[PDB]
Amino acid sequence: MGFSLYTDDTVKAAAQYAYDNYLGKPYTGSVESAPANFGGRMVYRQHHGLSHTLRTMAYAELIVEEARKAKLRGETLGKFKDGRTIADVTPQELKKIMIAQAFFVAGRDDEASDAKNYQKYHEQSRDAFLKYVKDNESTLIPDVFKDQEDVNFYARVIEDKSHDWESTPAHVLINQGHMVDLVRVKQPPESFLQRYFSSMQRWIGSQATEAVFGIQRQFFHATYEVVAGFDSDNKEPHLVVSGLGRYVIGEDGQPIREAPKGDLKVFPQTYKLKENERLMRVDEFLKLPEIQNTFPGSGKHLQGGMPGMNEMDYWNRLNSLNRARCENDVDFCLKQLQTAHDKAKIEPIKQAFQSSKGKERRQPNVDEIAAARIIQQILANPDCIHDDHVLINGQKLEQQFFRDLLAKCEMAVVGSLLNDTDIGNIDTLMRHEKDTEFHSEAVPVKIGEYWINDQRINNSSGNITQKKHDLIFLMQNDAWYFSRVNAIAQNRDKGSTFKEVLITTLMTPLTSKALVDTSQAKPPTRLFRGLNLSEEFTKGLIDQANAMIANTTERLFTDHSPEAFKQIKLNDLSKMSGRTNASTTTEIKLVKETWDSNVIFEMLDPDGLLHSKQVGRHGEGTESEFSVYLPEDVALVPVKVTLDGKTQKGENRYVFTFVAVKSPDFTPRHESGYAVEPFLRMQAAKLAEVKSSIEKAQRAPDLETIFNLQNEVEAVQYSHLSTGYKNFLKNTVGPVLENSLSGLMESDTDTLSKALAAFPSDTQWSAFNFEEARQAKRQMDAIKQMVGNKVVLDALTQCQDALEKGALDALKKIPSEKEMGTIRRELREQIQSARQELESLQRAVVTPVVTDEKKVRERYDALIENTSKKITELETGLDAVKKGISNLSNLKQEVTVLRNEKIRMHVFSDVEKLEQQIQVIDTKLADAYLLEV
């Protein structure tokens with residue numbers, strides 16, 4: 001949105017005119033200019049064609065943008081005769097500059113040499129410009145320009161009767177924008193790159209110009225033109241481009257001009273005679289201290305061509321279709337330039353942080369498991385809810401608990417945990433509730449009646465998927481509901497009842513089961529949402545967004561990734577669009593109140609990181625709506641903030657474009673046990689009650705009946721009565737007594753439990769004596785009860801003590817399962833074992849430091865280095881110092897960022913502590929300094 005090269009139609013029309021009438025037309029002159037044939041399609045003018053001029057216009061917009069970025073970082077900028085700088089260029093002015101720029105080389109009827117007919121060519125081009133203003137004065141003169149005086153101004157700029165500048169709009173951008181595009185061919189590339197870099201640096205600064213050349217390379221690649229290398233160790237004779245001259249290194253040194261004080265400037269002449277001396281090499285030139293300080297190209301880096309396909313694939317690529325396509329089709333070339341440009345807007349952000357190692361959405365952790373289970377219980381048993389709190393297995397759950405759930409838990413994953421039975425229990429929940437829910441002063445709605453009514457009148461079948469569509473429908477267009485929901489979820493709500501909080505907490509994962517319906521709704525890469533905010537808050541947003549934007553610039557020689565990392569980490573990171581089910585649209589028609597939204601979020605997820613699903617389908621009308629619960633890995637980083645039109649209510653509106661970037665650097669550390677600890681308390685309460693019941697039921701362990709029975713097993717062998725009975729007592733019951741007794745005396749074991757498993761059942765035994773083996777049966781069953789009780793009870797105790805501190809607990813329950821215990825109490829302890837099992841097996845803990853551990857360490861080094869540099873530099877040095885104080889202040893938070901990062905690196909802060917100590921002393925120093933003046 002706003003004004004751009006690619007969006008605007010007038011500029012494009014001008015370019016199409018320029019191509020159709022001159023640039024597309026063949027060179028009519030005799031100078032070495034022939035039609036180049038590219039894969040069948042011919043381009044007549046390759047050096048000064050359509051790709052060229054379009055590239056210049058792109059260069060212009062790019063320059064303006066990076067100038068603005070430089071001003072934002074607080075860089076002292078090159079000013080003109082008026083107070084204006086390049087960063088002060090008006091969008092309208094820019095349109096003028098670009099429309100003029102279209103015709104800059106329209107004049108050439110041949111490839112101009114060093115011959116001076118070039119002047120005539122420019123005049124010819126001017127003529128073309130004028131003819132393109134007279135073509136449609138109606139739609140162009142009162143609108144785009146002002147008067148034909150203006151038009152003759154730009155016409156005169158295109159004339160270039162003299163090498164003019166100081167004119168902020170046209171002169172610098174057109175002249176420099178033109179001469180820059182010739183880097184691809186000019187012979188010693190290092191000297192030319194340095195010259196142009198210095199030249200533009202005077203206007204924009206080192207960083208921003210570095211960015212402009214960096215993106216220029218990508219433009220070249222996009223328009224399928226050669227990208228030249230850069231070798232700091234170049235041995236070629238350095239060429240002074242300002243003229244045809246070269247520096248001459250005489251014996252012992254380089255011949256410089258007359259002193260005239262004493263640091264005399266290096267003198268250079270054209271092709272002269274050699275007198276036991278040679279011309280200065282490129283590397284030699286680059287090694288000069290003034291150069292080394294002025295130019296970031298001391299680094300031997302920068303390799304020509306494209307990274308990869310080092311073969312002749314590059315030259316065939318340049319000899320291919322796309323070169324002809326870029327040179328003959330305006331919209332296509334513009335598409336190339338814009339895609340490269342936006343890519344350039346995104347790449348440094350991604351270069352700042354660790355890479356997404358797949359893992360699109362996270363796997364549930366312990367707390368989210370426990371929370372999902374608690375929620376499941378509250379849905380299943382709405383009796384848990386009270387006017388103030390939710391009681392559950394003897395555990396009081398206040399409002400702050402559910403708020404903490406909304407904050408800490410990622411409710412989309414929690415949603416993944418839930419099932420259709422819960423979506424069904426929404427009915428029982430709303431049945432239990434008939435309490436009012438408040439908008440953000442209007443009349444409240446009795447939610448219960450609302451849902452119940454909806455379901456009984458429009459869902460007689462009681463179908464669960466229908467329940468899901470109805471729930472989502474409530475999310476979409478019921479303001480009173482979703483205002484409270486979104487607010488409470490994002491912790492920006494006013495005075496709201498506990499039950500509103502509870503309901504939102506339950507409903508956000510259930511609504512996040514919008515995933516179940518229309519899962520194959522492909523995330524749309526472009527999504528808008530509208531927001532109405534105070535001008536103060538809006539200004540704050542603008543400042544933070546800009547703080548991030550200004551410090552993301554494309555890499556050339558210097559890095560600048562740690563500053564980007566820092567500023568992004570510090571500023572909002574857009575929490576304002578997370579922790580709830582945010583409604584979004586692609587059509588730029590708002591869900592509600594389009595007329596009031598003064599801030600608009602344009603969201604871009606080309607990587608599909610935003611797991612967004614559509615609200616409503618292709619049926620029931622054309623639906624262009626989506627819901628988003630942005631995952632904690634994904635951050636929304638601002639790329640541009642533009643003005644665009646104004647709204648009707650009088651508020652000036654702004655649009656912030658964010659791009660979805662996923663990285664573990666964004667995953668938040670959370671204190672474990674906000675949900676799982678009280679959950680464990682609940683379990684502990686269950687088992688405490690069961691143990692109390694058994695222990696009160698228990699009779700004192702009379703060991704006699706074991707001993708006595710033992711005597712009988714040893715006695716029956718000598719009674720000569722029944723051999724089968726003898727055999728069964730000595731070979732089956734005897735060992736059971738021995739092992740169950742030895743087990744019972746010693747602590748809990750597998751021996752006594754498996755002794756309990758080896759027990760002789762009632763299915764047997766019946767075939768034996770009924771007169772006196774009856775009492776044997778009696779005694780043995782008494783021991784059945786003794787052992788079952790003992791095992792269960794001490795197992796329970798062990799478990800409870802285990803829970804007092806988590807995994808060690810679940811294993812303890814395994815032996816006791818099958819035998820003994822009164823009915824239903826066993827089923828209870830089984831339920832608890834089931835919950836324990838759920839946590840123990842489904843828990844997973846993700847890490848904020850992935851494969852790029854190298855990156856995290858190196859980047860930390862760079863970070864603390866840069867911070868140290870800024871801080872120590874600031875401790876050395878009337879008007880300026882005032883801003884210097886703010887400069888001090890931001891550094892504090894930079895140090896805090898460093899600290900937290902060092903924390904995150906090891907899931908020992910000496911140096912950072914030292915920097916803090918620096919911060920205190922220069923705090924006092926600058927305080928006394930600020931007080932003095």
# chains A, B, ... in the order shown; residues from 1 in each chain; ligands from 1
$ residues_around --residues "segment 54-66 of chain A" --least-positions-apart "2" --cutoff "8 Å" --atoms "only C-alpha atoms" --output "PyMOL selection string"
chain A and resi 4-5+15+50-52+68-70+86-87+89+94+98+101-102+173-174+177-178+181+204+208-209+211-212+216+219+333-334+337
$ write_last_selection --atoms "N, CA, C and O atoms" --output "short mmCIF file (atom, residue, chain, number, x, y, z; two decimals), in the first residue's frame"
data_model
loop_
_atom_site.label_atom_id
_atom_site.label_comp_id
_atom_site.auth_asym_id
_atom_site.auth_seq_id
_atom_site.Cartn_x
_atom_site.Cartn_y
_atom_site.Cartn_z
N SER A 4 4.27 3.47 -4.33
CA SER A 4 5.42 2.68 -4.74
C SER A 4 5.56 2.64 -6.25
O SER A 4 4.73 3.18 -6.98
N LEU A 5 6.60 1.97 -6.72
CA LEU A 5 6.88 1.88 -8.14
C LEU A 5 5.94 0.87 -8.76
O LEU A 5 5.38 1.09 -9.83
N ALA A 15 6.52 4.23 -18.14
CA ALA A 15 7.55 3.27 -18.51
C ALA A 15 7.17 2.52 -19.78
O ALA A 15 8.01 2.27 -20.65
N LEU A 50 15.15 -1.21 -21.25
CA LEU A 50 14.03 -1.11 -20.33
C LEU A 50 14.38 -1.64 -18.94
O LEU A 50 13.98 -1.06 -17.93
N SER A 51 15.13 -2.74 -18.91
CA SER A 51 15.58 -3.29 -17.64
C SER A 51 16.44 -2.25 -16.93
O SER A 51 16.34 -2.07 -15.72
N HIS A 52 17.27 -1.54 -17.69
CA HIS A 52 18.13 -0.50 -17.15
C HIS A 52 17.34 0.63 -16.48
O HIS A 52 17.51 0.89 -15.29
N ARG A 68 15.45 7.27 4.52
CA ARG A 68 14.50 7.42 5.61
C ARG A 68 14.91 6.55 6.79
O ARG A 68 14.89 7.00 7.94
N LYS A 69 15.32 5.31 6.49
CA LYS A 69 15.80 4.40 7.53
C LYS A 69 16.98 4.98 8.28
O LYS A 69 17.09 4.85 9.50
N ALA A 70 17.88 5.61 7.53
CA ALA A 70 19.06 6.22 8.13
C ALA A 70 18.67 7.36 9.05
O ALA A 70 19.22 7.49 10.15
N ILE A 86 17.68 13.77 1.44
CA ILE A 86 17.07 12.75 0.60
C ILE A 86 15.91 12.08 1.33
O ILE A 86 14.91 11.70 0.72
N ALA A 87 16.03 11.97 2.65
CA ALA A 87 15.00 11.32 3.46
C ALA A 87 13.71 12.15 3.51
O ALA A 87 12.67 11.67 3.95
N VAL A 89 12.17 13.39 0.89
CA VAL A 89 11.51 13.37 -0.40
C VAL A 89 10.03 13.04 -0.27
O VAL A 89 9.64 12.11 0.43
N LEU A 94 8.63 11.97 -5.60
CA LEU A 94 9.22 10.73 -6.06
C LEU A 94 8.56 10.26 -7.35
O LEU A 94 9.24 9.79 -8.26
N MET A 98 10.59 9.65 -10.81
CA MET A 98 10.59 8.37 -11.50
C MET A 98 10.00 8.52 -12.91
O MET A 98 10.53 7.95 -13.87
N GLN A 101 12.52 9.91 -14.86
CA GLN A 101 13.61 8.95 -14.94
C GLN A 101 13.37 7.94 -16.05
O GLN A 101 14.32 7.38 -16.61
N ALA A 102 12.10 7.70 -16.35
CA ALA A 102 11.73 6.78 -17.41
C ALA A 102 12.33 7.19 -18.75
O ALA A 102 12.73 6.35 -19.55
N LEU A 173 19.07 11.78 -7.33
CA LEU A 173 18.45 10.48 -7.58
C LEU A 173 18.58 10.04 -9.03
O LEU A 173 18.89 8.88 -9.30
N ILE A 174 18.38 10.96 -9.96
CA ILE A 174 18.44 10.61 -11.37
C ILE A 174 19.88 10.37 -11.81
O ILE A 174 20.17 9.36 -12.45
N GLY A 177 21.46 7.56 -9.53
CA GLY A 177 20.69 6.38 -9.83
C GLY A 177 21.07 5.83 -11.19
O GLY A 177 21.11 4.62 -11.39
N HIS A 178 21.37 6.72 -12.12
CA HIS A 178 21.82 6.28 -13.44
C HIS A 178 23.23 5.72 -13.40
O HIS A 178 23.46 4.60 -13.84
N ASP A 181 23.98 2.09 -11.95
CA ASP A 181 23.60 0.90 -12.70
C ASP A 181 24.71 0.42 -13.65
O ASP A 181 24.57 -0.61 -14.30
N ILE A 204 23.57 9.55 2.20
CA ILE A 204 22.76 8.64 3.00
C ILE A 204 23.49 8.00 4.18
O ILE A 204 22.86 7.53 5.13
N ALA A 208 23.33 2.60 5.08
CA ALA A 208 22.20 2.63 4.17
C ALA A 208 22.64 2.47 2.72
O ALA A 208 21.95 1.84 1.91
N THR A 209 23.79 3.03 2.38
CA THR A 209 24.33 2.87 1.04
C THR A 209 24.79 1.43 0.83
O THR A 209 24.58 0.85 -0.25
N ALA A 211 23.41 -1.04 2.12
CA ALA A 211 22.14 -1.71 1.88
C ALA A 211 21.68 -1.51 0.44
O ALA A 211 21.18 -2.44 -0.19
N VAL A 212 21.85 -0.29 -0.07
CA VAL A 212 21.37 0.02 -1.41
C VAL A 212 22.14 -0.76 -2.47
O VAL A 212 21.55 -1.26 -3.44
N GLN A 216 20.91 -3.80 -4.75
CA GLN A 216 21.20 -3.62 -6.17
C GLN A 216 21.67 -4.92 -6.79
O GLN A 216 21.30 -5.25 -7.92
N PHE A 219 18.77 -7.03 -7.42
CA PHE A 219 18.07 -6.48 -8.58
C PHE A 219 18.71 -6.99 -9.86
O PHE A 219 18.02 -7.36 -10.81
N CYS A 333 9.22 -7.46 -15.64
CA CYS A 333 10.45 -6.91 -15.08
C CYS A 333 10.17 -6.27 -13.72
O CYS A 333 10.94 -6.43 -12.77
N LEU A 334 9.06 -5.54 -13.65
CA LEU A 334 8.61 -4.92 -12.41
C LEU A 334 8.29 -5.97 -11.35
O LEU A 334 8.54 -5.77 -10.16
N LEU A 337 11.71 -7.14 -10.04
CA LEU A 337 12.27 -6.13 -9.16
C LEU A 337 11.55 -6.13 -7.81
O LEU A 337 12.19 -6.06 -6.76
#
$ residues_around --residues "segment 275-286 of chain A" --least-positions-apart "4" --cutoff "10 Å" --atoms "only C-alpha atoms" --output "ChimeraX atom specification"
/A:188-191,194,231-239,246-255,268,271,290-300
$ residues_around --residues "segment 388-398 of chain A" --least-positions-apart "3" --cutoff "9 Å" --atoms "only C-alpha atoms" --output "ChimeraX atom specification"
/A:374,377-378,383-385,401-402,497-499,502,678-679,681-686
$ select_by_dssp --residues "segment 618-818 of chain A" --states "alpha helix (DSSP H)" --output "ChimeraX atom specification"
/A:676-697,704-715,723-728,734-745,751-757,773-804,808-812
$ write_last_selection --atoms "C-alpha atoms" --output "compact mmCIF listing (two decimals), in the first residue's frame"
# COMPACT_ATOMS: atom_id res chain seq x y z
CA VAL A 676 0.60 -29.42 36.85
CA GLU A 677 1.32 -28.79 40.54
CA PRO A 678 -2.31 -28.22 41.58
CA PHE A 679 -3.24 -31.10 39.27
CA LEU A 680 -0.88 -33.34 41.23
CA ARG A 681 -2.49 -31.97 44.39
CA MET A 682 -5.82 -33.14 43.00
CA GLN A 683 -4.44 -36.63 42.42
CA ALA A 684 -2.81 -36.70 45.86
CA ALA A 685 -6.18 -35.79 47.34
CA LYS A 686 -7.90 -38.65 45.49
CA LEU A 687 -5.43 -41.23 46.76
CA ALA A 688 -5.38 -39.73 50.25
CA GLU A 689 -9.14 -40.23 50.41
CA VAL A 690 -8.89 -43.80 49.09
CA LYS A 691 -6.15 -44.64 51.60
CA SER A 692 -8.18 -43.10 54.42
CA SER A 693 -11.15 -45.25 53.43
CA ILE A 694 -9.13 -48.47 53.30
CA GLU A 695 -7.18 -47.76 56.50
CA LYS A 696 -10.37 -46.98 58.42
CA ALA A 697 -11.93 -50.13 56.96
CA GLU A 704 -1.60 -65.92 63.69
CA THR A 705 -3.86 -67.14 60.89
CA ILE A 706 -0.80 -67.33 58.65
CA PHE A 707 1.32 -69.23 61.17
CA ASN A 708 -1.51 -71.55 62.09
CA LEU A 709 -2.17 -72.31 58.43
CA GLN A 710 1.52 -72.95 57.95
CA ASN A 711 1.38 -75.52 60.74
CA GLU A 712 -1.48 -77.26 58.97
CA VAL A 713 0.35 -77.47 55.66
CA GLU A 714 3.20 -79.19 57.46
CA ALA A 715 0.80 -81.38 59.40
CA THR A 723 -3.17 -87.32 48.93
CA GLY A 724 -4.58 -84.67 46.59
CA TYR A 725 -5.24 -82.34 49.49
CA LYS A 726 -1.73 -82.95 50.81
CA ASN A 727 -0.24 -82.21 47.41
CA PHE A 728 -2.32 -79.06 47.00
CA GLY A 734 2.57 -73.51 51.13
CA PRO A 735 4.81 -71.50 48.76
CA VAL A 736 2.11 -68.83 48.58
CA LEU A 737 2.19 -68.53 52.36
CA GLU A 738 5.99 -68.44 52.49
CA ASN A 739 6.32 -65.78 49.78
CA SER A 740 3.35 -63.68 50.90
CA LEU A 741 4.62 -63.73 54.49
CA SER A 742 8.23 -62.97 53.61
CA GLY A 743 6.86 -60.26 51.34
CA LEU A 744 4.47 -58.89 53.95
CA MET A 745 7.17 -58.54 56.61
CA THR A 751 7.37 -60.67 45.48
CA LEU A 752 4.28 -60.24 47.65
CA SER A 753 2.22 -58.82 44.78
CA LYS A 754 3.09 -61.79 42.56
CA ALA A 755 2.47 -63.95 45.62
CA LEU A 756 -0.96 -62.35 45.58
CA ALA A 757 -1.14 -63.29 41.90
CA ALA A 773 -10.53 -77.79 54.70
CA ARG A 774 -13.34 -75.25 54.98
CA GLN A 775 -11.50 -73.42 57.75
CA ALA A 776 -8.37 -73.70 55.60
CA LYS A 777 -10.22 -71.82 52.89
CA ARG A 778 -11.33 -69.32 55.54
CA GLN A 779 -7.82 -68.65 56.83
CA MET A 780 -6.39 -68.39 53.33
CA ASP A 781 -9.03 -65.84 52.26
CA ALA A 782 -8.25 -63.88 55.44
CA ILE A 783 -4.67 -63.77 54.22
CA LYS A 784 -5.94 -62.78 50.76
CA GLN A 785 -7.43 -59.72 52.38
CA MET A 786 -4.33 -59.14 54.51
CA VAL A 787 -1.98 -59.13 51.51
CA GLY A 788 -4.27 -57.15 49.21
CA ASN A 789 -4.70 -54.50 51.87
CA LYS A 790 -0.99 -54.33 52.69
CA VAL A 791 0.12 -54.05 49.04
CA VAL A 792 -2.48 -51.46 48.14
CA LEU A 793 -1.94 -49.35 51.25
CA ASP A 794 1.86 -49.12 51.29
CA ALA A 795 1.95 -48.72 47.50
CA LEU A 796 -0.37 -45.76 48.05
CA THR A 797 1.85 -44.31 50.79
CA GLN A 798 4.96 -44.60 48.60
CA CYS A 799 3.04 -42.91 45.81
CA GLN A 800 1.83 -40.04 48.01
CA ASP A 801 5.30 -39.29 49.33
CA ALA A 802 6.51 -39.44 45.72
CA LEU A 803 3.90 -36.85 44.73
CA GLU A 804 4.96 -34.57 47.57
CA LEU A 808 8.87 -41.94 39.91
CA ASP A 809 5.26 -42.03 41.09
CA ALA A 810 3.50 -43.61 38.08
CA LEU A 811 5.60 -46.80 38.17
CA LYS A 812 4.69 -47.56 41.80
$ residues_around --residues "residue 205 of chain A" --least-positions-apart "5" --cutoff "9 Å" --atoms "only C-alpha atoms" --output "count of residues only"
9
$ closest_residue --among "A:564, A:921, A:729, A:366" --to "residue 717 of chain A" --atoms "only C-alpha atoms"
A:729
$ residues_around --residues "residue 409 of chain A" --least-positions-apart "3" --cutoff "10 Å" --atoms "only C-alpha atoms" --output "list in words"
residues 364, 365, 367, 368, 369, 371, 372, 402, 403, 404, 405, 406, 412, 413, 414, 579, 632, 670, 674 and 675 of chain A
$ residues_around --residues "residue 646 of chain A" --least-positions-apart "3" --cutoff "12 Å" --atoms "only C-alpha atoms" --output "PyMOL selection string"
chain A and resi 2+594-600+642-643+649-655
$ write_last_selection --atoms "N, CA and C atoms" --output "PDB file, in the first residue's frame"
ATOM      1  N   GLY A   2       0.208   2.414   0.079  1.00  0.00           N
ATOM      2  CA  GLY A   2       0.896   3.693   0.017  1.00  0.00           C
ATOM      3  C   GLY A   2       1.327   4.014  -1.400  1.00  0.00           C
ATOM      4  N   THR A 594     -15.166  -0.805  10.140  1.00  0.00           N
ATOM      5  CA  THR A 594     -14.103  -0.410   9.219  1.00  0.00           C
ATOM      6  C   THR A 594     -13.827   1.084   9.342  1.00  0.00           C
ATOM      7  N   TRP A 595     -14.903   1.832   9.564  1.00  0.00           N
ATOM      8  CA  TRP A 595     -14.884   3.289   9.659  1.00  0.00           C
ATOM      9  C   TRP A 595     -14.138   3.849  10.867  1.00  0.00           C
ATOM     10  N   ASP A 596     -13.790   2.989  11.818  1.00  0.00           N
ATOM     11  CA  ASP A 596     -13.161   3.451  13.052  1.00  0.00           C
ATOM     12  C   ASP A 596     -11.693   3.049  13.215  1.00  0.00           C
ATOM     13  N   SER A 597     -11.240   2.061  12.453  1.00  0.00           N
ATOM     14  CA  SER A 597      -9.895   1.537  12.652  1.00  0.00           C
ATOM     15  C   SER A 597      -8.825   2.472  12.089  1.00  0.00           C
ATOM     16  N   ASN A 598      -8.044   3.066  12.988  1.00  0.00           N
ATOM     17  CA  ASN A 598      -6.954   3.955  12.605  1.00  0.00           C
ATOM     18  C   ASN A 598      -5.607   3.244  12.449  1.00  0.00           C
ATOM     19  N   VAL A 599      -5.514   2.001  12.911  1.00  0.00           N
ATOM     20  CA  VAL A 599      -4.315   1.203  12.653  1.00  0.00           C
ATOM     21  C   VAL A 599      -4.700  -0.127  12.036  1.00  0.00           C
ATOM     22  N   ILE A 600      -4.047  -0.475  10.937  1.00  0.00           N
ATOM     23  CA  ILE A 600      -4.372  -1.706  10.239  1.00  0.00           C
ATOM     24  C   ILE A 600      -3.147  -2.600  10.138  1.00  0.00           C
ATOM     25  N   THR A 642       3.014   2.478   6.588  1.00  0.00           N
ATOM     26  CA  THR A 642       2.672   3.535   5.642  1.00  0.00           C
ATOM     27  C   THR A 642       1.373   4.232   6.014  1.00  0.00           C
ATOM     28  N   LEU A 643       1.219   5.447   5.503  1.00  0.00           N
ATOM     29  CA  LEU A 643       0.083   6.294   5.820  1.00  0.00           C
ATOM     30  C   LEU A 643      -1.191   5.867   5.090  1.00  0.00           C
ATOM     31  N   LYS A 649     -13.787   9.181  10.256  1.00  0.00           N
ATOM     32  CA  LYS A 649     -14.104   9.663  11.595  1.00  0.00           C
ATOM     33  C   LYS A 649     -13.137  10.749  12.055  1.00  0.00           C
ATOM     34  N   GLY A 650     -12.139  11.029  11.226  1.00  0.00           N
ATOM     35  CA  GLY A 650     -11.176  12.077  11.509  1.00  0.00           C
ATOM     36  C   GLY A 650      -9.832  11.592  12.012  1.00  0.00           C
ATOM     37  N   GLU A 651      -9.740  10.311  12.349  1.00  0.00           N
ATOM     38  CA  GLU A 651      -8.478   9.742  12.795  1.00  0.00           C
ATOM     39  C   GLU A 651      -7.597   9.468  11.573  1.00  0.00           C
ATOM     40  N   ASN A 652      -6.333   9.884  11.619  1.00  0.00           N
ATOM     41  CA  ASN A 652      -5.376   9.511  10.574  1.00  0.00           C
ATOM     42  C   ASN A 652      -5.027   8.028  10.684  1.00  0.00           C
ATOM     43  N   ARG A 653      -5.217   7.275   9.603  1.00  0.00           N
ATOM     44  CA  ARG A 653      -5.004   5.830   9.664  1.00  0.00           C
ATOM     45  C   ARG A 653      -3.615   5.399   9.181  1.00  0.00           C
ATOM     46  N   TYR A 654      -3.121   4.303   9.755  1.00  0.00           N
ATOM     47  CA  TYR A 654      -1.808   3.756   9.424  1.00  0.00           C
ATOM     48  C   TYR A 654      -1.871   2.253   9.170  1.00  0.00           C
ATOM     49  N   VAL A 655      -1.055   1.758   8.243  1.00  0.00           N
ATOM     50  CA  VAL A 655      -0.969   0.315   8.052  1.00  0.00           C
ATOM     51  C   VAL A 655       0.449  -0.193   8.319  1.00  0.00           C
TER      52      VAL A 655
END
$ closest_residue --among "A:569, A:116, A:41, A:341" --to "residue 893 of chain A" --atoms "only C-alpha atoms"
A:569
$ closest_residue --among "A:267, A:565, A:759, A:626" --to "residue 898 of chain A" --atoms "only C-alpha atoms"
A:565
$ residues_around --residues "residue 471 of chain A" --least-positions-apart "2" --cutoff "12 Å" --atoms "only C-alpha atoms" --output "PyMOL selection string"
chain A and resi 423-424+426-427+430+447+450-452+454-455+464-469+473-478+481-482+507-514+517+615-616
$ closest_atom_pairs --of "segment 651-692 of chain A" --to "segment 849-872 of chain A" --cutoff "10 Å" --atoms "only C-alpha atoms" --output "tab-separated table"
residue	atom	partner	partner_atom	distance
A:663	CA	A:850	CA	9.3
A:664	CA	A:849	CA	6.7
A:665	CA	A:849	CA	7.6
A:667	CA	A:849	CA	9.8
$ closest_residue --among "A:927, A:327, A:147, A:127" --to "residue 44 of chain A" --atoms "only C-alpha atoms"
A:327
$ select_by_dssp --residues "segment 390-516 of chain A" --states "strand (DSSP E or B)" --output "PDB file with N, CA and C atoms, in the first residue's frame"
ATOM      1  N   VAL A 390     -13.300 -22.301  41.060  1.00  0.00           N
ATOM      2  CA  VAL A 390     -13.611 -23.666  40.659  1.00  0.00           C
ATOM      3  C   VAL A 390     -12.906 -24.697  41.537  1.00  0.00           C
ATOM      4  N   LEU A 391     -13.691 -25.394  42.353  1.00  0.00           N
ATOM      5  CA  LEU A 391     -13.173 -26.436  43.234  1.00  0.00           C
ATOM      6  C   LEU A 391     -13.059 -27.752  42.467  1.00  0.00           C
ATOM      7  N   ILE A 392     -11.957 -28.469  42.662  1.00  0.00           N
ATOM      8  CA  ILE A 392     -11.721 -29.702  41.916  1.00  0.00           C
ATOM      9  C   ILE A 392     -10.772 -30.631  42.685  1.00  0.00           C
ATOM     10  N   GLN A 395      -9.221 -28.941  45.471  1.00  0.00           N
ATOM     11  CA  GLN A 395      -8.323 -27.851  45.106  1.00  0.00           C
ATOM     12  C   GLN A 395      -9.095 -26.630  44.631  1.00  0.00           C
ATOM     13  N   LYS A 396      -8.862 -25.508  45.303  1.00  0.00           N
ATOM     14  CA  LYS A 396      -9.505 -24.242  44.966  1.00  0.00           C
ATOM     15  C   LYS A 396      -8.781 -23.572  43.804  1.00  0.00           C
ATOM     16  N   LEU A 397      -9.506 -23.291  42.726  1.00  0.00           N
ATOM     17  CA  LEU A 397      -8.898 -22.640  41.574  1.00  0.00           C
ATOM     18  C   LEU A 397      -9.507 -21.260  41.348  1.00  0.00           C
ATOM     19  N   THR A 436     -24.885 -13.397  32.981  1.00  0.00           N
ATOM     20  CA  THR A 436     -24.667 -12.382  31.960  1.00  0.00           C
ATOM     21  C   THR A 436     -23.189 -12.256  31.592  1.00  0.00           C
ATOM     22  N   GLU A 437     -22.927 -11.981  30.319  1.00  0.00           N
ATOM     23  CA  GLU A 437     -21.580 -11.678  29.858  1.00  0.00           C
ATOM     24  C   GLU A 437     -21.552 -10.306  29.212  1.00  0.00           C
ATOM     25  N   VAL A 445     -25.476 -10.256  27.725  1.00  0.00           N
ATOM     26  CA  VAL A 445     -26.219 -11.382  27.178  1.00  0.00           C
ATOM     27  C   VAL A 445     -26.087 -12.565  28.131  1.00  0.00           C
ATOM     28  N   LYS A 446     -27.183 -13.276  28.377  1.00  0.00           N
ATOM     29  CA  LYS A 446     -27.114 -14.510  29.151  1.00  0.00           C
ATOM     30  C   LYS A 446     -26.589 -15.622  28.258  1.00  0.00           C
TER      31      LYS A 446
END
$ atom_distance --atom1 "atom CA of residue 894 of chain A" --atom2 "atom CA of residue 567 of chain A"
8.4 Å
$ closest_residue --among "A:171, A:81, A:883, A:131" --to "residue 103 of chain A" --atoms "only C-alpha atoms"
A:131
